[PDB]
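As structure tokens, the structure follows; a few thoughts come after it.
Number of protein chains: 2
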Amino acid sequence: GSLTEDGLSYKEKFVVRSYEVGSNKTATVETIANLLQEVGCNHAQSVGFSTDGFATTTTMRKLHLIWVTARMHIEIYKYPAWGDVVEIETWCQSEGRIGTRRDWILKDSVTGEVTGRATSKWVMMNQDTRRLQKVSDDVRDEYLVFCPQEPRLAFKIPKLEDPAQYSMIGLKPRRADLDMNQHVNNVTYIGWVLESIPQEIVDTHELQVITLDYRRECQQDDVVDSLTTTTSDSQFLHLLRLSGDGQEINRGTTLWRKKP
Amino acid sequence: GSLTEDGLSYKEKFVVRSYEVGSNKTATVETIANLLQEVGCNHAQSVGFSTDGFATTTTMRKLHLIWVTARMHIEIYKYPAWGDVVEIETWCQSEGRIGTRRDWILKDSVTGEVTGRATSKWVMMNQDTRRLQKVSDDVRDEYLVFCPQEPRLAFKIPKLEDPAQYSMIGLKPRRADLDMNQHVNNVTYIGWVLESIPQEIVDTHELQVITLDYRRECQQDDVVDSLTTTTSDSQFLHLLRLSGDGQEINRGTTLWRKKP
Ligand SMILES: C[C@@]1(COCc2c(F)cccc2F)CC(c2ccccc2F)=NO1
Ligand SMILES: C[C@@]1(COCc2c(F)cccc2F)CC(c2ccccc2F)=NO1
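Protein sequences, first through last, are from chains AaA and AaA'. A prime marks a further copy of an entry chain.
Under the authors' numbering, the letters of the first sequence match residues 75 to 229, 239 to 315, 333 to 360, in that order.
Under the authors' numbering, the letters of the second sequence match residues 75 to 229, 239 to 315, 333 to 360, in that order.
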């Protein structure tokens, strides 16, 4: 991949792998989310962020701050097949004191058609206490020079009430689910949300839209319950909570289209 | 990737991704095993096997036969870092009536040095009954023309006895663990074997050698126990068994080197 001529966005092509596809031999949404993360990381490196950790500015490092995902919204029009080339363009924009947005557009590299879109809200937090911080002028000024400054857009979740229609309990991360800092990878939470979708829905529908809020992390030694209720196309409300009716981890919604 | 000039092996380069690395920012062994699978699948397509299923010959399809892994042996000298290019060369050889071998050699694409080696024994089995079959002349003759015929080599596991020194119980696959035919991906079994290795070993050692036998599949709805005992460098004996002291799934051994 590479920066675009103006230096304010990044493009990368990916060839969909054998193990990245599901039963229709198209990329899973977890594969798409992994590719979104990878092109974001390669963008960060291309504009001078670290080649051996996740992106931080100089002032973030001084203050022990990291970027963490607060919300992810993905819409897929067509999932790419095994062996297809998908090209993803990504960019960031300042969200003032709130945080930082990363947007993505997915294209079929052969047709040039848009096959999906995504946006994410990232917030600052202290890596040790996990307490949120507003973006200071020093941190914003460090990264603003890598962002378009005029708007460039790729485009409330309620709490599931007991009893859940569907559940998958006792979900636990294995080492493959952990990132280079031994934190649960953000894509693992997408997989866990979808685990409580009945298999018959997955067999007969394609996921068109997912919206996920990220409230708290699952630690390596935590156990998660995935809860789903039908709200309808098929639409669902989702809640991930720590085992034992503990803290909410994630809430979300999905929209599914019947297979052709 | 592409076939080599003589058409009898296949090479592919991979750039190690952000989510493919562990805490030392080098590829996990599960990442390496996924890359071995992907280059094998791309080799199969390059010599005229299907672009929308795992490799079968014409006679295999007529008889409802598939290739399944019986044994995997991987040795890694150096795990590639995040953003490094690893080049993998792969080839197959007939094993007479027993099955078919796939071998791999991993190289650091910048230095050209060998960083790892792998070999696998694949057997025929009926996809419906899971009963093994010897390779018939018709099937061997269909694939022999894609193999070196003179030897080209990249280079008994006992049953763990109760009580196991270490365990991880209740492991269950999620949809990301399933392949395009809704079978548990072979790399998932490597992850499950390693889950019962204590975290302190993983934190202080690198895996140098893994040998894994594959006896039976975990179904989507099965639950697996991972059992490990120290036999020693650190060496371990491994057993994966279905929950409830059910059927053995896998047995294996690993050898670990202290981190520099
Ligand atoms: C918010 C975040 C910022 O990344 C650094 C960065 C800029 F700040 C401005 C322009 C380009 C750029 F790269 C963090 C982030 C991220 C973090 C970890 C993993 C994956 C990611 F995409 N992706 O976007
Ligand atoms: C045994 C197996 C054979 O693949 C077909 C094939 C030949 F038979 C001969 C030369 C090249 C070639 F490709 C099956 C296999 C495999 C199967 C599923 C997934 C991944 C794999 F590597 N990899 O190797």
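Virtual Cβ for every residue (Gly too), placed ideally from N, Cα, C.
Please classify residue i as buried or exposed, where buried requires at least 16 neighbouring CB atoms within 10 angstroms.
i	result
residue 88 of chain AaA'	buried
residue 203 of chain AaA'	exposed
residue 315 of chain AaA'	exposed
residue 76 of chain AaA	exposed
residue 138 of chain AaA	exposed
residue 149 of chain AaA'	buried
residue 200 of chain AaA'	exposed
residue 111 of chain AaA'	buried
residue 189 of chain AaA'	buried
residue 269 of chain AaA	buried
residue 283 of chain AaA'	exposed
residue 125 of chain AaA	exposed
residue 224 of chain AaA'	exposed
residue 184 of chain AaA'	exposed
Within this structure, are the beta carbons of residue i and residue j separated by less than 8 Å?
i	j	result
residue 109 of chain AaA	residue 177 of chain AaA	no
residue 140 of chain AaA	residue 128 of chain AaA	yes
residue 198 of chain AaA	residue 170 of chain AaA	no
residue 271 of chain AaA	residue 256 of chain AaA	yes
residue 302 of chain AaA'	residue 261 of chain AaA'	no
residue 78 of chain AaA	residue 154 of chain AaA	no
residue 95 of chain AaA'	residue 156 of chain AaA'	yes
residue 217 of chain AaA	residue 143 of chain AaA	no
residue 134 of chain AaA'	residue 213 of chain AaA'	yes
residue 275 of chain AaA'	residue 243 of chain AaA'	no
residue 273 of chain AaA'	residue 104 of chain AaA'	yes
residue 168 of chain AaA	residue 115 of chain AaA	no
residue 340 of chain AaA'	residue 258 of chain AaA	no
residue 337 of chain AaA'	residue 312 of chain AaA'	yes
residue 293 of chain AaA'	residue 344 of chain AaA'	no
residue 92 of chain AaA	residue 265 of chain AaA'	no
residue 308 of chain AaA'	residue 252 of chain AaA'	yes
Give me the residue from the options with the minimum Cα distance to residue i.
i	options	result
residue 333 of chain AaA	AaA/167, AaA/287, AaA/98, AaA/351	AaA/287
residue 310 of chain AaA'	AaA'/349, AaA'/303, AaA'/291, AaA'/289	AaA'/349
residue 161 of chain AaA'	AaA'/84, AaA'/229, AaA'/256	AaA'/84
residue 182 of chain AaA'	AaA'/356, AaA'/163, AaA'/340, AaA'/171	AaA'/163
residue 290 of chain AaA	AaA/344, AaA/152, AaA/144, AaA/81	AaA/152
residue 279 of chain AaA	AaA/249, AaA/213, AaA/342	AaA/249
residue 229 of chain AaA'	AaA'/143, AaA'/191, AaA'/340	AaA'/191
residue 295 of chain AaA	AaA/91, AaA/107, AaA/78	AaA/107
residue 232 of chain AaA'	AaA'/346, AaA'/159, AaA'/211	There are no coordinates for residue 232 of chain AaA' in this structure, because the numbering of chain AaA' runs from 229 directly to 239.
residue 175 of chain AaA	AaA/206, AaA/193, AaA/136, AaA/121	AaA/193
residue 206 of chain AaA	AaA/298, AaA/113, AaA/259	AaA/298
residue 354 of chain AaA	AaA/147, AaA/210, AaA/245	AaA/147
residue 145 of chain AaA	AaA/119, AaA/195, AaA/102	AaA/195
residue 179 of chain AaA'	AaA'/119, AaA'/347, AaA'/113	AaA'/113
residue 357 of chain AaA'	AaA'/285, AaA'/347, AaA'/300	AaA'/285
residue 80 of chain AaA'	AaA'/359, AaA'/102, AaA'/121	AaA'/121
residue 82 of chain AaA	AaA/90, AaA/360, AaA/117	AaA/117
residue 90 of chain AaA'	AaA/263, AaA/208, AaA/215, AaA/247	AaA/263
May I ask you to report which of helix, strand or coil DSSP gives residue i?
i	result
residue 264 of chain AaA'	coil
residue 115 of chain AaA'	helix
residue 319 of chain AaA'	Residue 319 of chain AaA' falls within a stretch that is absent from the model, since chain AaA' runs 315 to 333 with no residues between.
residue 172 of chain AaA	coil
residue 136 of chain AaA	helix
residue 370 of chain AaA	Nothing can be reported for residue 370 of chain AaA, as the shown portion of chain AaA is limited to 75 through 360.
residue 98 of chain AaA'	coil
residue 228 of chain AaA'	coil
residue 83 of chain AaA'	coil
residue 211 of chain AaA'	helix
residue 286 of chain AaA	helix
residue 144 of chain AaA'	strand
residue 78 of chain AaA	coil
residue 106 of chain AaA'	helix
residue 153 of chain AaA	coil
Output the residues surrounding ligand 2, defined as those with a CB atom closer than 6 Å to any ligand heavy atom, in chain order.
-> Selection output, chain order preserved: AaA'/111, AaA'/114, AaA'/115, AaA'/117, AaA'/118, AaA'/121, AaA'/123, AaA'/128, AaA'/129, AaA'/141, AaA'/166, AaA'/174, AaA'/176, AaA'/196, AaA'/217, AaA'/220, AaA'/221.
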